[PDB]
Each structure stands twice: as structure tokens, then as C-alpha cells.
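There are 2 protein chains.
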Amino acid sequence: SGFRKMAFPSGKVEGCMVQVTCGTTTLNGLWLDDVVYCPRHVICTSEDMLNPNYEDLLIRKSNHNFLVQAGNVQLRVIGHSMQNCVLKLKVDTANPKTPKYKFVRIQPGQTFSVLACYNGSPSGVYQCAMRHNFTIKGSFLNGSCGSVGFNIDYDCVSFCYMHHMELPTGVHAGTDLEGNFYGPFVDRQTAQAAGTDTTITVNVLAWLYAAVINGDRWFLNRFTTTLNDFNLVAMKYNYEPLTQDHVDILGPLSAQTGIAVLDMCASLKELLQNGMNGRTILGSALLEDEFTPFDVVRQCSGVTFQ
Amino acid sequence: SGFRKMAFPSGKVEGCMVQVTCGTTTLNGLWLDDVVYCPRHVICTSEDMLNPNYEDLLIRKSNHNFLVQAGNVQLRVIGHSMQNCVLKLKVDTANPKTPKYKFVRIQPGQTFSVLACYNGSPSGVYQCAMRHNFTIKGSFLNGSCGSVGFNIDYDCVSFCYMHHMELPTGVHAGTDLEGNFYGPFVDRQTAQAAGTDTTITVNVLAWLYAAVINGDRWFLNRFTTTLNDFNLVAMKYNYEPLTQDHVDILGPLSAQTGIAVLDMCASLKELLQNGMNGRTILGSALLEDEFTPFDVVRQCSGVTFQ
Ligand SMILES: *C(=N)[C@H](C[C@@H]1CCNC1=O)NC(=O)[C@@H]1[C@@H]2[C@H](CN1C(=O)[C@@H](NC(=O)C(F)(F)F)C(C)(C)C)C2(C)C
Ligand SMILES: *C(=N)[C@H](C[C@@H]1CCNC1=O)NC(=O)[C@@H]1[C@@H]2[C@H](CN1C(=O)[C@@H](NC(=O)C(F)(F)F)C(C)(C)C)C2(C)C
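Chains as they are written, first to last, in the numbering used here: chain A, 1 to 306; chain B, 1001 to 1306.
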């Protein structure tokens, strides 16, 4: 038993992390096969951060201007191109530790593990979710750019995030592995701020199911509710509307615990209107929306990865 | 910026995880060099779990009775011995992925990362701390025994825990890598329960320092206090007494933020007596005691590992 914020094993991702240096700027890069992916602001000095012209700055740089280290071995760059906000440095050596990987763009509310890296070396791993304002509540410092977010399916690593910058109130923004920013954010040091963030309702219900599996069933009531009635209360408390797709996704959790999805919605409605009254659910005094239904199933069924 | 429950990268530990099967029981094993470490109840059936005689059961088993798989390759066992509660199966092949490792026994209050594994394959990684009752608030299921807890120092992996069993109220107990149980627990299916657990005071203060580094400074007051006065209030709220060693350990955090340790103790004293009044610290509505001062420094300074 027991429920924790489990992150995916980082072994496969660790073998792909390299250090990319251009001039004086240094940050992390993702080495897959013979292509290294890194944020495009490596070619920027501190003075260029305000109003950078990335296309203009990439003109003045050649292949030898990019310094890539894979541990204690320097990788020879034989080509370079820019796709959106990420650089693709082609190297003469393919990474022998490249796993089966995919480039995916996640939707808001989905979770993934972030491998925080500095100077090409991993510092730690933690799970995170893409909030509805297209930000993440991560932990990044100077030089952490290039750290990637990933999901693992058996032996397949689904890369879905690359850290690029930090927004006010301590939130972070980034791009997919194709360089496209999540949300209306640009890679320049200007006045930017994330929009209002809503609570992922489907993740809250899944987290409540994990509580029932673990024996914490004090919040369950004897009432039921319709989808429309629950959503109207959810709108007041800045909760995302619960679609039929979310209900169908929560099906396996509903079947395992013997509690209908709408019955769990009635219990959640009482919690929103009345609070927890000083009680904790799974040791947390606040409702948790960073656990997808897949995460609950994976954590409570012991799903492993090759 | 940002503060999360960061776990150590699991790449080095993943290469040491193997599956150990004896008869019908299957669990995880740690493969370091030519020795495989696993819990000793692999030689037990479901009927032996009540009152097992591990020495008696190991008599009736030979080297070929132990089935060890390293992925899709079976390892030939050429020797076996029991040290306390862990088996040492000697194999003909040394693990090529064995990193620089140490066997350490941690003290209560110290944190470490747990790599939850099933059938020799990793399921996830999460940080945890040894509570003062010698238990951990982990997440384990059937077959999770043999999962190890570890700490990483540069390139050195300090193994400090091996999961063995689950106690009531969803807490878990285990041994070091030498087979010695943490606390007064035995590896048999009998009536056992953990003692009263206290809140690790030094970890709470370190977590408060991380809040100050991240800008959350609403809880800071203008008062100071002595060590004795703070401890007396701490005893009432089931908080561990703050020794001088804890104060000296919190030194780097005190110097970085410009706040004296005793000044932070006065702020903590107010929080214990008055509560948070509906406010959150680092997004948490409850005080967190699972972050050692080293964890705060490592997280806030970006300490990496080879
Ligand atoms: C990459 N190594 C850093 C890591 C940042 C810095 C501290 N926490 C992080 O995640 N990324 C940056 O320096 C990016 C980058 C320039 C500026 N930047 C920022 O994160 C800045 N914030 C913004 O630009 C904002 F808030 F408007 F989005 C900073 C002032 C440093 C927080 C570029 C090229 C956009
Ligand atoms: C190893 N794979 C399992 C994993 C357990 C089971 C569910 N969560 C876990 O951590 N470990 C065990 O089955 C151990 C083991 C026998 C029984 N056991 C227990 O955890 C039992 N609890 C106790 O014995 C208690 F509470 F008294 F400490 C159980 C009833 C399964 C929770 C042996 C050989 C001690």
C-alpha cells in the first residue's frame, strides 16, 4: 500500500544527456542517435536575452562554434539547424545509449517526469503535470535549460518537454521536442506571465480513487449527482469541466473500487463546498490534481518498464 | 526557482536490479559485482510466512534452486549464504554495470530515494526519509520486496535500505544492505506495529529555509528564542528536540539567507502554536519534515552527479 509522487526511472534519459556550450553560454542537450537537441538561446549572450534575433545569431556561428561534451568525450558537430526554439546539432557519433524514443506533444493535465540537469549531468528527477495555463510547477535554476520531460511506455521513452525559461510566481515554461512552445510564450527576456490556472478535475477524482484503494474512505458520501450539476459547482471553484472522455478514462478506477464515477463526483462536490474540516486525504491537506488516472493505475498495480 | 520532492537519478541503480525466484516466490534482487542481494523470505512459501525458520529452510535449498534473471539472461548461482535478513547469492558473472557503491546504515531523519521494482524491473522512483520510529512512508505492493533505497555522492551510490514488509497504517519497514532491520521488526507475518513517530525538527527548519530562498517569507517574525525554550514547545507538539549538531548542520542555509537558526526557530514556534491560518508554505498546507538540509542545498544549488 501507500501512495507517493512516483517519477519514472531516469536511466534511459540519463544516457542521452550532454552538455552544450557556445561561447560562454552552457546548458543541457538531449543526445538521440547522431542529433543533439538543445534550447536555441545557447547562441545568445546575456545582452541578447532582451530582444534576440535567433536567425541572425545562428548565421554567425559554424559547426565548430558548438561545444558538445558527452561526459569526458567531446562530440564533433558536423551540422546544425534550427527548428522553432530548439537547435539540432548533428554529430559524427551516434549515441550508443539511445533508447526507443518518441516525440509527443502532451495536452494540459497530463503528467510527466522531469530530469533536472546542469552542465550535462543529472541533478534529480521529479514528476510534474502540464497545467491548463501551459506551465509546470517545476524546480529549475540557472543552467537547467535543456532538461527534458518524458514518459515511459514499456521500453519506449516519450519525450514531451524541454525547459526553456522561468515565469513569475516561480512557474516554468518550455517547448516540445519539435521546438514549439507550450502556450503563448516566447524565448526572450521580456514581460510575460501565465494565465489563470484551473484545477484538473479528472486528476483530482483519480487521486481520490487512490485514497479509496489505500483505505482512506472518510470523504465518501451516500449521494450521487449528474455530470451537469457537478460541473456547475466545479466552475465556481475554478475546476475544469468534466467531459465524458474524462469519465470513460476513469472507468478502470471506478470498476476496481466498485464506486461509480458520478458517485465520486458527489463526494468531491461536498469537499469543494465544505472543505476537509482539518482532515487529510492520503496525508495531504489539499486536493491533489497532479496524478493522472494512468498514474494511479500504474502506481497501484505495479506497472514496470523494460 | 521552485521546490519539489526531487529524487536521485536511478540510472546506476537500474542496472543492478535483477529478478530472484525460488520455487514459486519471486521478488527483486540487487546485483553488485558477482553477488546478488535479496530478502531472505524468497525461500518461504505462503505457509512459512507465519513462523518461518529461515536457517532451516536454507538447508533444503541448493545453488540451482535459486533462479536469477538479469533481463532476458539467467545468472548461474555458484554459492549462497545468509547474513541476517538478506541472502547473498554468488553468481558466475560479475555485473558490468556495477557502479562505485557503499553500504551505509542511515540514522532516523535522513532522506533517500527508493527505486520501486517488480519482477526485477523498475516501476518508479521516489524520495523518502527514515522516520524516528524506523519506518518509511513509501509505496509498495506484492512482489516489491528487494527494492533498495540509495543515496548518490558524485559517482558513489550509497545503498542504505532494502524493502522487506509492510506494517499497519500503510507504513513500511526494511533492513540495511547487511540485513539488519531498521527498528524492532522481524521478517515474519505476525502482529507488529510501529511506535509513535515524531516530526523531524531539523528537516522542518531546512524546508522553511527553502521557502525563504524561493520568496515565501510570510511566516518570518521579528522575534528570537533560545534552544531550550524552542525545544520545550517542540516537545508538546511531538517535535524532535533540536540539538547543537542540528543547528551546526543548518549553518550553510542560515548563512545563505541571512537568517539565524534561532530566529527561524522563533518563526517555527509561532507556526506550531498558531498554525498557518489557511496559508500555504511552498504550496503545502502542512509543515514538511522529509527534506534534509543537504536536500535543500542540493536542490537550491543544482548539485549534479556523475
Ligand atoms: C536556462 N538555463 C535558464 C533557467 C531559468 C533561469 C532560472 N530558472 C529557470 O528556469 N532559463 C533562462 O534564463 C530564460 C531564457 C532567457 C531568460 N529566462 C528566464 O527564465 C527569465 N524569465 C522570463 O524571461 C519570463 F519570466 F519573462 F518568462 C528570468 C528573468 C531569468 C526568470 C531566455 C532566453 C528567455
Ligand atoms: C514483498 N514482496 C512483500 C511486499 C509487502 C506486501 C504489500 N506491501 C508490502 O510492502 N512483503 C511481505 O509480504 C511481508 C513479508 C511477509 C509478510 N509481509 C507483510 O508486509 C505483511 N505485514 C506484516 O507482516 C506486519 F505488518 F506484521 F509487519 C502483510 C500482511 C503482507 C502486510 C514477511 C516474510 C514478513
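Using N, Cα and C, we set each Cβ at its ideal position, and we do this for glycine too.
Note to self: Given this structure, state the Cα-to-Cα distance separating A:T226 from A:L262, to the nearest angstrom.
What the structure shows: 7 Å
Notebook entry, point to check: Residue ranges of each alpha helix (DSSP H) run of no fewer than 4 residues wholly in the region 1215 to 1241 of chain B, ordered along the chain?
Noted result: 1227 to 1236
Check: Over what stretch of residues does the beta strand (DSSP E) that includes B:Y1209 continue unbroken?
Finding: Premise fails: B:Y1209 lies in the alpha helix (DSSP H), 1201 to 1213, not in any beta strand (DSSP E).
Margin query: Please return the same chain residues whose Cβ sits closer than 6 Å to the Cβ of B:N1084, not counting the five positions on each side in sequence.
Written below: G1179, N1180
Notebook entry, point to check: With contact counted as at least three CB pairs below 8 Å, one residue from each stretch, are the region 1161 to 1180 of chain B and the region 1045 to 1057 of chain B in contact?
Noted result: no
Margin query: Less than 8 Å between CB atoms is the rule here; does B:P1293 satisfy it with respect to chain A?
Written below: no
Check: Between the region 1115 to 1132 of chain B and the region 270 to 286 of chain A, do at least 3 Cβ pairs fall closer than 8 Å?
Finding: With a cut-off of 8 Å on Cβ pairs, the region 1115 to 1132 of chain B is not in contact with the region 270 to 286 of chain A, counting fewer than three such pairs.
Notebook entry, point to check: Where are the alpha helix (DSSP H) runs, 4 residues long or more, that stay fully inside the region 18 to 95 of chain A, in chain order?
Noted result: 54 to 59
Margin query: Considering only heavy atoms of ligand 2, does any lie closer than 7 Å to the CB of B:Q1192?
Written below: yes
Notebook entry, point to check: Quick one: which chain A residues come within Cβ less than 8 Å of B:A1266?
Noted result: What B:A1266 touches in chain A: nothing, since even the nearest Cβ is about 24 Å away.
Next item on the list: Buried or exposed for A:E240, please, with buried defined as at least 16 other CB atoms from any protein chain shown within 10 angstroms of its CB.
Entry: buried
Margin query: I'd like to know if the region 1227 to 1247 of chain B and the region 1297 to 1304 of chain B are in contact, where contact means that at least 3 CB-CB pairs between them fall below 8 Å.
Written below: Contact between the region 1227 to 1247 of chain B and the region 1297 to 1304 of chain B is not established, with fewer than three Cβ pairs separated by less than 8 Å.
Notebook entry, point to check: Does A:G170 get closer than 8 Å to chain B when you measure Cβ to Cβ?
Noted result: yes
Notebook entry, point to check: Who does B:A1116 pair with in a DSSP beta bridge?
Noted result: B:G1124
Margin query: Assuming the contact rule is C-beta atoms closer than 8 Å, A:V125 and B:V1125 should be a hit. Round their C-beta distance to whole Å, please.
Written below: 6 Å
Check: How should A:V202 be labelled, buried or exposed, when 16 other C-beta atoms within 10 angstroms of its C-beta is the threshold for buried?
Finding: Under this definition A:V202 is a buried residue.
Notebook entry, point to check: Along the region 130 to 160 of chain A, what residues have a CB closer than 8 Å to any CB found in chain B?
Noted result: Within the region 130 to 160 of chain A, contact with chain B at the beta-carbon level (separation under 8 Å) is assigned to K137, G138, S139, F140, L141, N142, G143, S144.
Notebook entry, point to check: Taking all protein chains shown into account, do 16 or more other C-beta atoms lie within 10 angstroms of the C-beta of residue 1309 of chain B, making it buried, or fewer, making it exposed?
Noted result: Residue 1309 of chain B cannot be examined here, being either before or after the span of chain B that is shown, 1001 to 1306.
Item checked: Beta-carbon separation (whole angstroms), A:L67 vs A:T93, contact threshold 8 Å -> Actually they are not in contact, since the Cβ atoms of A:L67 and A:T93 sit about 15 Å apart, beyond 8 Å.
Note to self: Determine whether the beta carbon atoms of B:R1004 and A:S139 lie at a separation below 8 Å.
What the structure shows: Closer than 8 Å, so yes.
Check: What are the boundary residues of the beta strand (DSSP E) that includes A:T175?
Finding: 171 to 175
Note to self: Between A:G23, A:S267, A:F223, A:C38, which has its C-alpha nearest A:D216's C-alpha?
What the structure shows: A:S267
Check: For chain A, is any of its Cβ atoms less than 8 Å away from the one on B:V1204?
Finding: no
Next item on the list: Could you check if A:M235 is buried or exposed, using at least 16 other CB atoms within 10 Å of its CB as the buried criterion?
Entry: exposed
Notebook entry, point to check: What is the DSSP secondary structure of B:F1294, counted as helix, strand or coil?
Noted result: helix
Item checked: Min CB distance A:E288 to chain B below 8 Å -> no
Notebook entry, point to check: Given that B:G1011 touches chain A, what residues does it touch there, using C-beta distances under 9 Å?
Noted result: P9, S10, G11, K12, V13, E14, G15, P122
Item checked: Proximity to A:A206 [Cα-Cα], best of A:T111, A:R279, A:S147 -> A:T111
Next item on the list: Give the residues from the region 1057 to 1091 of chain B that approach chain A closer than 7 Å (Cβ to any Cβ), ordered along the chain.
Entry: none
Notebook entry, point to check: When we look at the beta-carbon of A:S144 and count the other beta-carbons within 10 Å, is it buried (16 or more) or exposed?
Noted result: buried
Notebook entry, point to check: Ends of the beta strand (DSSP E) at A:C265?
Noted result: No beta strand (DSSP E) contains A:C265, which is instead part of the alpha helix (DSSP H) from 261 to 274.
Next item on the list: Measure from the alpha carbon of A:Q19 to the alpha carbon of each residue in A:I59, A:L89, A:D48, then state which is nearest.
Entry: Closest by alpha carbon: A:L89.
Next item on the list: May I ask you to list, following chain order, the residues of the region 95 to 128 of chain A that have a beta carbon less than 9 Å from some beta carbon of chain B?
Entry: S113, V114, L115, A116, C117, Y118, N119, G120, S121, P122, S123, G124, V125, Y126, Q127, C128
Next item on the list: Using 7 Å as the cut-off, classify the Cβ of A:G143 as near or not near the heavy atoms of ligand 1, replying yes or no.
Entry: yes
Checklist line | Own chain residues within Cβ distance below 8 Å of A:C156, not counting five before or after | finding: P99, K100, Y101, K102
Notebook entry, point to check: Within the present structure, is the beta-carbon of B:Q1083 separated from the nearest heavy atom of ligand 1 by less than 7 Å?
Noted result: no
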